[PDB]
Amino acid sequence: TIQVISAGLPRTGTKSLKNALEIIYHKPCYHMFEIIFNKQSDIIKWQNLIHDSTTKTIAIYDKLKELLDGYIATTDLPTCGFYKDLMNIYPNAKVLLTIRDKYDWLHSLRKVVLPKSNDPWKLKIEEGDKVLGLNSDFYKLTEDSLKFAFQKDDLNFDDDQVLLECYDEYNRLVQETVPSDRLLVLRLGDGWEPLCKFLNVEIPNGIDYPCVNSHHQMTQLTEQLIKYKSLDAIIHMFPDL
């Protein structure tokens, strides 16, 4: 069952955290990679779960628990905006918030997750997405999960100023909302020490804190997917996946 709730937004180090939690607990962690490289069936389940935000709350909470059964932690979209509900469902779970410089975050988001509608790189991302078998339902899940995390009904995804404001507002509100001894804010570069002390575990012996999922590596993955049109053919070059 869930031991750690991760509230950090995509492109803040969530895959490195997922890897780190799996090293610490020796059990699997949710992350969107789980959805795309393992379980594309859960897309609609998240999308429908998102529209839901008393017998309404019990129905939502049971569907969250079923989606997360078998995992010890959640990172990344679409679980982000549910961090408060997860605190209620799992009262002993600790909460992590991965953060970084807002401009670095926005660039990383634009290059990997949510390119502008007139960015030429969007064309490549979409071509690689088809090689992975991702359809418009996945795109709507990404957009709706971000809107849900930001608590916005209407969001112009092409507006960087609004995304930067939403980023700062989201990170501030997590730090206001999570009881303070229940929260650890992790900045990129912090390493094992703050995470292991917060979780009260020993630092893993002789291994660096994970450094995975860079935009440089995602750009290479997209380029290789577009070139050969086969994930099986290229997976050997991307051992993290």
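One-based numbering along the sequence shown. Between two forms, the rigid core is defined as the largest C-alpha subset superposing within 1.5 Å.
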Between 111 to 119 and 142 to 150, which has the larger RMS C-alpha deviation from this form in 4 other deposited structures of this protein after core superposition? 111 to 119
204 to 212 against 172 to 180 - segment lying farther from this form in 4 other deposited structures of this protein (CA RMS, rigid core fit): 204 to 212
Relative to the deposited sequence, how many residues with no modelled coordinates occur between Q47 and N48 (none, 1 to 3, 4 to 9, 10 or more)? none
With reference to the PDB entry, specify whether the mean Cα temperature factor is higher for 166 to 174 or for 153 to 161. 153 to 161
So 117 to 125 or 97 to 105, which one's hotter by mean CA B-factor in the entry? 117 to 125
Out of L184, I203, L199, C211, which one has a C-alpha B factor higher than all the others in the entry? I203
Would you mind ranking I234 by its C-alpha B-factor against the rest of the chain and naming the third, lowest, middle or highest? middle
Of the three thirds of the chain ranked by Cα temperature factor, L77 occupies the middle
Within-chain third of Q3 by Cα B-factor, per the entry: middle
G189 by Cα B-factor - lowest, middle or highest third of the modelled chain: highest
Among modelled residues of the same chain, the CA temperature factor third for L134: highest
